[PDB]
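Read on for two forms of one protein chain; each stands alone as structure tokens, with the labels structure 1 and structure 2.
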Structure 1
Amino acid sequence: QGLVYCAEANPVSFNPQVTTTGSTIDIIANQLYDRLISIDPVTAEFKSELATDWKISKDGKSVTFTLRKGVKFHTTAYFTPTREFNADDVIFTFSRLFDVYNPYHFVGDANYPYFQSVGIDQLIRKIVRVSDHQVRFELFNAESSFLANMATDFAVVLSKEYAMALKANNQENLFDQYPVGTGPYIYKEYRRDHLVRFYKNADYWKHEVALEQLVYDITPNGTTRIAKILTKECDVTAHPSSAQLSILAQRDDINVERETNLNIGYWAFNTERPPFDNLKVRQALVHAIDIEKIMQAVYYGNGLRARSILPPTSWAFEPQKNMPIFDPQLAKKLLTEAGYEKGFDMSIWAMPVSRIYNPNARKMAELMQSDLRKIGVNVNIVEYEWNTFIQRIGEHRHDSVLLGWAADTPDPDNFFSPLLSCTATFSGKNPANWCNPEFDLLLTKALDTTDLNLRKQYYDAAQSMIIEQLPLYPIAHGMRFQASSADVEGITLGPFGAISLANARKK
């Protein structure tokens, strides 16, 4: 039998390297590929995947991975391996990111957003081929977040043989669209905006794959995904719409999982755009927002009010004594003295699809529209297709935007470096358009040591600065929901990272 997964958006690629969008990763990462290592969701220990062992040198500048033997790349319609996975694949996959000499470095858009955001460039010097199944990464500096970053869904292992084959034909452009991985499922078919079809990898190293067929039904409209699970057109529904959770909860033949998760939903300001470059203005706007009405109207009481950018389950979490309080008269008192008495107009960009950190950006933007009108700020709401939306936010076309982050790892740097750093900004991934080298220095020092007490000192200072400067305003942390037919089991959500159907089965 097969499984049909109702997906909230079209995948932007079949290579996880080129995106930080969860919608795409949820489709491709755990299904077609494996990483070197992963992070246990419960102990947070690193777990062997395609790497069997890993070692960090005394100085933190050399990391040796021992690699699994006997791992086969996919046989697909367009590729058949002549050898198994080895060190050459690791060196190719990862040198593609930092080595301008890698023939694939500039393929596609030449963007590797997660990696550029956390500064691969100033990190990886080379990867030595110590043997057929062992490599050693040489870093320019120690970074205590390094393995965490190597365990993200973006850090999958690719096929060098496939890549070198396509190159021979000058068909490099095909590499990222027609994927070859080592994962539990293999690429079969893709109808743009309509569907993706995968089939079971009979030669999968890790386990005997249960499902024969996996189809993703690309259905951006939230209520339609609900409708499709009800009619059993879909077996699993991504990001179920809050308004319909109660409907699903009553159905005997449907399960809805509800898990805690490291995420943040925020209101980001384009800090390079007047009047939003003015801290007093940013402060004025935040005080106008009825956060407690959002906690109910939007989050349906399922969310946790934000006390810092970090969710309270982050080990570095520290509640900020200076979080703004909802006070509309104070907001007015601040705009004038900014000194926007007649106030001004602004846009709030709102996500078109439900995310863990924000199940209804539209509803949230409408609530804020009402709130701000009252101090005299005239909000217009902007919304586009999810992937288009991300792109135009990366081009900083907005005044402000409702966005957030679903953590890829339980390493706190993951809430900072990929979001608010200068490198993040230069990669078009910082919704606040905020380059603050002073802030970044805190991040670097936190990465200069593995001592957790020291890291948290810097992370403490970082959380405080974000509240002081308000490049963005932490709003809430959501619960991670997923609906599925009671016929399904083995599906993994987790407190971080992308969805996995690696162990899914029916009946």
Structure 2
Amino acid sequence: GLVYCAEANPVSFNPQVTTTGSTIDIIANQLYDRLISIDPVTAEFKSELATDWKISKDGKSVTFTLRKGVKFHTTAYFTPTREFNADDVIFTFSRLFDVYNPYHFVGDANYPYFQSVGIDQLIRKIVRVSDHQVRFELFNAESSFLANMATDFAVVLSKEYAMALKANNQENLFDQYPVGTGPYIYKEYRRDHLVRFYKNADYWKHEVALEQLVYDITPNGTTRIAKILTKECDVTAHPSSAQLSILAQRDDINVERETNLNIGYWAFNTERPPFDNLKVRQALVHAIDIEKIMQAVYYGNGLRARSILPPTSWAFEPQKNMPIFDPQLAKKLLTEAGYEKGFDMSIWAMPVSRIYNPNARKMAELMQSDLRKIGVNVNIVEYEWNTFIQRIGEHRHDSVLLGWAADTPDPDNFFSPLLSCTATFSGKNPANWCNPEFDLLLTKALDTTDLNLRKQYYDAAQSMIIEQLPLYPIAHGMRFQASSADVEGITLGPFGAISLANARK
């Protein structure tokens, strides 16, 4: 068996109803399968529960052919009567949007990943063409649809089980006591103590290597590392750069580190004087001591940015024109541009800690001190999250420390959601920046099927970011993982929830 040191109780056992990272880490890859996934090496789509997928020419129809012979879990509480088929995909996904689907309103009617990404408003209908073929009809063509179907959240559930529960008026057990097609089956959950899954002996994809997975709920990070040392835990739910050093001198413990697909940045409201002036953005960026901020904000858990894309993005290209830290340069430029001398501006600090920026307030303070030297007086603006995001959406700010954790490993996901003209009108562009040349590079890249030629466009898009500074790429949050050297099949990736599907001793 394996012992994984979890950082929190799962808030649910159905990925559909939560974006809480530490929950997803426990349930998604272990209990479930998706229709399709993304090949890590080649970045192409790979068959999972779907063996085939075809996009209509008009792009508003996507037809999945479905694996035969796939069984749902036999759990203590549920025994399937039929194998996985199209009805299951139809039930599973129409739950997100169909006010007539019997599970749409259990319990919160909230499906946060799909809402944040628009799938719930995109899918018009799902048609059963045959027992093992299903067609999604979309209100419009949408390049990101397949990528969304390949995320940790797009798991397939049991319609048979859902209906049996509904017959008992026991719908609230569905997301709490799971039935999946994945490599492990739910055994037991004890709040604040542990969760236990056992081997799925009928698993379609491979011969599951472990009889038992035990998740030891251990909120305290220090204790999680301590349990690594004692061989009490075999794997630890992330830790931080500091907690890891203490492991360096142990033979029998592996420490892993991978820059996660995300970016923390300083974005300029490019429509609000004087930040609408390229020369003003150039000047200010030179004033920022980013070394100081790696040390006093990220504390060794971040990787300094060389582009808006982390080196783990397959489209990454190092930007040669990244501004150097030079206050004298900054002051000389600022005066060359007017001001003449100085001005007051506010830096909006995101209210919550995240991988891509663990303390924006603190970052705002350091910036406030750098900028003060140059005649620029920062007022640090902080609102509670939801109001903060709306107002940034409404372009109320001068500038904002914020960031992005990619929803997909598709490089487009760093460009189109953040900096495109239509992200302007969707209140998702922190820089209020509509640049039709930039946007065209994105359309062209999405219009070509040979990833090699896409790079040429993304290179251009990265080069254009540094040149026009709608936002200043600061840093990439890293993910770490510690484990007993006895365990393999567990390699940490730059993207997605933890997976123990191939965990082996």
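In this text, rigid core is short for the largest set of C-alphas that superpose within 1.5 Å between two forms. Residue numbering: structure 1 sequence, from 1.
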query: Rigid-body partner check between structure 1 and structure 2: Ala163, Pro412; finding: no
query: Degrees turned by the smaller rigid body between structure 1 and structure 2, as judged from C-alpha superposition; finding: 40
query: Core-fitted comparison between structure 1 and structure 2 - CA shift at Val281, Å; finding: 16.5
query: Displacement in Å of the C-alpha of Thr43 between structure 1 and structure 2, rigid core kept as reference; finding: 1.4
query: Core-fitted comparison between structure 1 and structure 2 - CA shift at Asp34, Å; finding: 0.1
